[PDB]
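Colleague:
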Amino acid sequence: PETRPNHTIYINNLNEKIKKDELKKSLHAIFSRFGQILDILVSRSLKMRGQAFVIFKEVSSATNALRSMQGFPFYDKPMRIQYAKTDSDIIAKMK
RNA sequence: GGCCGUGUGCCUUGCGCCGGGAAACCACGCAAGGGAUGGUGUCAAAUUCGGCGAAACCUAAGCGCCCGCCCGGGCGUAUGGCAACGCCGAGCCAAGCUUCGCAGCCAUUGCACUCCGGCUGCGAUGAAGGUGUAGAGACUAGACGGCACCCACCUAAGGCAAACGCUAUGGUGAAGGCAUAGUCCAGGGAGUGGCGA
Ligand SMILES: [K+]
Ligand SMILES: [K+]
Ligand SMILES: [K+]
Ligand SMILES: [K+]
Ligand SMILES: [K+]
Ligand SMILES: [Mg+2]
Ligand SMILES: [Mg+2]
Ligand SMILES: [Mg+2]
Ligand SMILES: [Mg+2]
Ligand SMILES: [Mg+2]
Ligand SMILES: [Mg+2]
Ligand SMILES: [Mg+2]
Ligand SMILES: [Mg+2]
Ligand SMILES: [Mg+2]
Ligand SMILES: [Mg+2]
Ligand SMILES: [Mg+2]
Ligand SMILES: [Mg+2]
Ligand SMILES: [Mg+2]
């Protein structure tokens, strides 16, 4: 249902057809009114397909995205949203 | 269609040998013979532009030489030819591969930060191999070629085995297709004309 506070959020169960260059722009404008966004990682590989990571500036921007856009029908499919249990390599360089 | 020689290519044997390889066996340098060279299926495309190199054989202008000189001849001799054929640069190519773009189905609910599941469908791509390279040339199929597999034989590194050892993803089963089987038309047989010496 929910994991533990983190800047990055683990998203799965999505439409597995939209291209990498297209899906990055499909998440930019919709998930912007929560705060500053860092980077979005998308992979079409068998392990990572239908899965995406989204990183915000602060926890407040990440928690707002967790509640306001919870279970949004993204391309005819609702999305499962959890916090990333493992910290990203981007955040560790800043801390 | 058959004999007698010539050169070049080819394999076998016998011998050289800073080479690659674990070995088998490739690669080379040469010398002496023609006995020996698996199968089955599959692919039929690009076939273009230039350049380098060549023996046997054909020939003798220039040279030397001799007919005492000249006049004419005679001799040798490629730097002239033809050509088996050895390659090279660029473009291009059918399947089987190496890697990407898009579609389609079968899967998969998956926490990753460098990147990665299958199968058929074109399009693009690397590594072989081919074309270029036949008597001018043209078309047809095949194999002696490309690809996949099978068989025989050798070997045994890696893997397996406590171990005698076992096994190929390693090799070997010639070159021809610089036109091979064929059809076709060039060329000689069979004219005339140019160039050359
Ligand atoms: K002969
Ligand atoms: K050796
Ligand atoms: K050839
Ligand atoms: K062994
Ligand atoms: K020929
Ligand atoms: Mg024989
Ligand atoms: Mg044809
Ligand atoms: Mg004279
Ligand atoms: Mg005279
Ligand atoms: Mg002679
Ligand atoms: Mg000559
Ligand atoms: Mg040529
Ligand atoms: Mg031709
Ligand atoms: Mg042998
Ligand atoms: Mg040929
Ligand atoms: Mg020939
Ligand atoms: Mg022929
Ligand atoms: Mg004539």
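Residue numbers (the entry's author numbering): 4 to 98.
By construction, the Cβ of each residue, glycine as well, lies at the ideal position given by its N, Cα and C atoms.
Straight-line CA distance for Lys50 to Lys20?
Modeller: As a position in the first sequence, residue 50 is number 47, starting the count at 1. As a position in the first sequence, residue 20 is number 17, starting the count at 1. The straight-line gap from Cα to Cα measures roughly 15 Å.
Colleague: Which residue wins for smallest C-alpha separation from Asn18, given the options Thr6, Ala95, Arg47?
Modeller: Taking the first residue of the first sequence as 1, we reach residue 18 at position 15. For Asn18, the nearest C-alpha among the options comes from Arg47.
Colleague: Under DSSP, the alpha helix (DSSP H) around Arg70 begins and ends at which residues?
Modeller: As a working mapping, residue 70 is identified with position 67 in the first sequence. Here the alpha helix (DSSP H) through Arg70 covers 62 to 71.
Colleague: Looking at the structure shown, is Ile21 part of a helix, part of a strand, or coil, going by DSSP?
Modeller: For this step, residue 21 is matched to residue 18 along the first sequence. DSSP places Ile21 in coil when its eight states are reduced to three.
Colleague: If you count every other CB in all the chains shown that lies within 10 Å of the CB of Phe37, and 16 or more means buried, which is it?
Modeller: The sequence position of residue 37 within the first sequence is 34, counting from 1. Label assigned to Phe37: buried.
Colleague: If we count the other Cβ atoms within 10 Å of its Cβ and call it buried at 16 or more, is residue 3 buried or exposed?
Modeller: There is simply no residue 3 to check, as the chain begins at 4 and stops at 98 in what is shown.
Colleague: Measuring straight from C-alpha to C-alpha, what distance separates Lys98 and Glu5?
Modeller: Counting from 1 along the first sequence, the entry for residue 98 is found at position 95. Counting from 1 along the first sequence, the entry for residue 5 is found at position 2. Each residue's Cα considered, the two are about 25 Å apart.
Colleague: Can you name the residues that DSSP bridges to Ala55?
Modeller: For the purposes of this step, residue 55 is taken as the residue at position 52 of the first sequence. According to DSSP, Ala55 bridges with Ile14, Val45.
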